[PDB]
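Enquirer: Below: one structure in structure tokens.
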Amino acid sequence: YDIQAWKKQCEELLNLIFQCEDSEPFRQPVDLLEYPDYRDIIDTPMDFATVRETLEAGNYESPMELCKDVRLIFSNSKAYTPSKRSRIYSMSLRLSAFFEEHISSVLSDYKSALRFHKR
Ligand SMILES: CC(C)NC(=O)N1CCN(C(=O)c2ccco2)CC1
């Protein structure tokens, strides 16, 4: 029932994501010189370095907020992809499955700890 345990759990999961080859396109904010129409399609850029820095700054209150930003990485990739068969979109779908498999216990444990705290 540790209300703070999610933060190190999320740091560890981000470490695993940075070791995945599938994260390489998503580790840093998109380069607009490579993709000059990106901000015509994507309103809110997001990447894993931004998520890690926000976490380490103490600017997430809950793992739900981190999860929303990570899911934005994946919805941006789906929105920007010219094809469902894209290399970089295909990498996003595997990485998303990995992330979702690992974040589910982090969210469940946090929400259970908060319920215990307010019992
Ligand atoms: C750090 C750097 C390597 N990032 C990028 O230049 N990428 C990452 C995100 N991208 C896509 O989600 C996408 C879908 C289909 C084609 O690109 C756009 C391009």
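Values quoted throughout were computed directly from the atomic coordinates according to the rules given, and no laboratory measurement underlies them. Note that each Cβ is placed from the backbone with ideal geometry, even for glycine, and that neighbours are counted across all protein chains shown.
Enquirer: Out of the residues in region 51-81 meeting the condition of being over 19 Å from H102 (Cβ atoms) and surrounded by 15 or more Cβ atoms within 10 Å (Cβ to Cβ), tell me which one is farthest from the ligand (Cβ to nearest atom). Don't jump to the end; show me each part of the working.
Expert: Initial filter on region 51-81 (over 19 Å from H102 (Cβ atoms)): 53, 57-59, 61, 76, 78-81.
When the remaining residues are screened for being surrounded by 15 or more Cβ atoms within 10 Å (Cβ to Cβ), the result is 76, 80-81.
Details: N76: 6, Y80: 5, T81: 4 Å.
Per the criteria, the residue is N76.
Enquirer: Just to be sure I understand, how many residues within region 30-49 are more than 7 Å from the ligand (Cβ to nearest atom), surrounded by fewer than 17 Cβ atoms within 10 Å (Cβ to Cβ) and either closer than 15 Å to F99 by Cα or not acidic (D, E) (or both)?
Expert: Here the count works out to 8.
Enquirer: Being among the hydrophobic types (A, V, I, L, M, F, W, C), touching a helix residue (DSSP H, G or I) at 6+ places or on another chain (Cβ under 6 Å) and without any contact (Cβ under 8 Å) to a residue 40 or more places away in the chain is the filter; apply it to region 43-69 and report the residue that is nearest to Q19 (Cα to Cα).
Expert: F48
Enquirer: List the number of the failed condition for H117; all other conditions in (1) exposed (fewer than 13 other Cβ atoms within 10 Å of the Cβ); (2) in contact with an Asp or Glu (Cβ under 8 Å, 6 or more places away or on another chain) hold.
Expert: Here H117 meets the rest and fails (2).
Enquirer: Is there any pair with a first residue in region 17-29 that is within 13 Å of the ligand (Cβ to nearest atom) and a second that is outside any loop (DSSP other than H, G, I, E, B) and of a type in the set (S, T, Y) whose Cβ atoms are under 8 Å apart and which are 6 or more apart or on different chains, and what are they?
Expert: Final answer for the pair search is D22/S92; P25/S77; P25/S92; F26/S77; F26/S92; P29/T50.
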